2 protein chains.
Amino acid sequence: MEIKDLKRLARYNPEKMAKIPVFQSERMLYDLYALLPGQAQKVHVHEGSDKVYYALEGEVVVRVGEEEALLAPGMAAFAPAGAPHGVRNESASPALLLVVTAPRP
Amino acid sequence: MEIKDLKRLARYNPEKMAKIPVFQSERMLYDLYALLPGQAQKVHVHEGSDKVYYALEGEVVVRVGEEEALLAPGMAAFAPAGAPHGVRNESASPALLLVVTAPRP
Ligand code: NA
Ligand code: NA
């Protein structure tokens with residue numbers, strides 16, 4: 001079986017938000033998003049995929065549709081297919097998210 | 001948007017493993033599994049769904065195919081469609097897992 005210690009996979013990118021693939025199949029993307037202060041995933045729309053952001057470390061501002069939320073460790077936000085969504089690190093510390101997208105875009 | 005504090009949703013069941021739905025759509029099941037010592041998710045096979053177990057608290061023994069692993073906090077294991085899989089709490093403390101299944105069985 002495929003098994004990973006997500007703590008070990010964590011890494012950052014000074015140029016832009018790091019997208020770290022953990023597992024992948026046509027059925028889903030299981031990734032880690034590592035955001036340094038000021039970094040973000042630009043707002044976008046997935047025609048037929050749902051996405052869920054879960055905060056592992058730090059805090060980020062998640063945008064889904066016409067609403068925004070402060071996602072702190074232990075919190076998860078759902079972005080249904082068709083809804084514009086994104087995430088921004090507006091804090092002064094790094095943030096790490098477990099992000100699942102299904103099916104694979 | 002749907003947003004939840006998973007820490008608040010956590011709960012246990014003395015009769016059997018608790019399955020706590022967080023978010024759900026035809027595209028995926030996003031659940032929390034709460035296992036008291038001795039509890040487990042019986043081994044089974046999903047014809048067309050992949051599943052990923054992520055340990056939030058405690059440790060569990062995950063079985064996928066002909067292999068078993070000790071999943072400690074921060075570790076994730078992938079169970080591809082068609083593979084017999086299950087999870088058992090063989091420790092002396094409770095365990096909490098974030099479990100994603102896609103698509104919804
Ligand atoms: Na991988
Ligand atoms: Na819910």
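When a ligand or atom number is given, it counts from 1 through the structure's own listing order. First the proteins, then the strands, lettered A, B, ... as listed; each starts at 1. Because only heavy atoms are used, hydrogens play no part in the values below, and waters and symmetry mates are left out as well, while side chains stay in.
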So what's near the Na ion (ligand 2), protein N, O or S atoms under 3.0 Å?
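As for protein N, O or S atoms lying under 3.0 Å from the Na ion (ligand 2), they are B/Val22 O.
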
B/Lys51 and B/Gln41: side-chain donor and acceptor closer than 3.5 Å?
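Result is yes, a qualifying pair exists.
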
I'd like to know if A/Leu6 and B/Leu71 are part of one continuous hydrophobic network [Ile/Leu/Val/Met/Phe/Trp/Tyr, side-chain heavy atoms within less than 4.5 Å].
no

Under 3.5 Å, is there a donor-acceptor pair between the side chain of B/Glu67 and the main chain of B/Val64?
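Side chain of B/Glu67 to backbone of B/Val64, a donor-acceptor pair under 3.5 Å: no, none is there.
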
Judged by atom type as modelled, is there a donor-acceptor pair below 3.5 Å linking the side chain of A/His46 to the main-chain atoms of A/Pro105?
no

Measure up the A/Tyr33 and A/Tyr53 rings against each other and bin them: parallel (under 30°), tilted (30 to 60°), perpendicular (over 60°).
perpendicular

Heavy-atom closest pair (B/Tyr12 atom, B/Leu35 atom, distance to 0.1 Å) is CE2-N, 4.0 Å

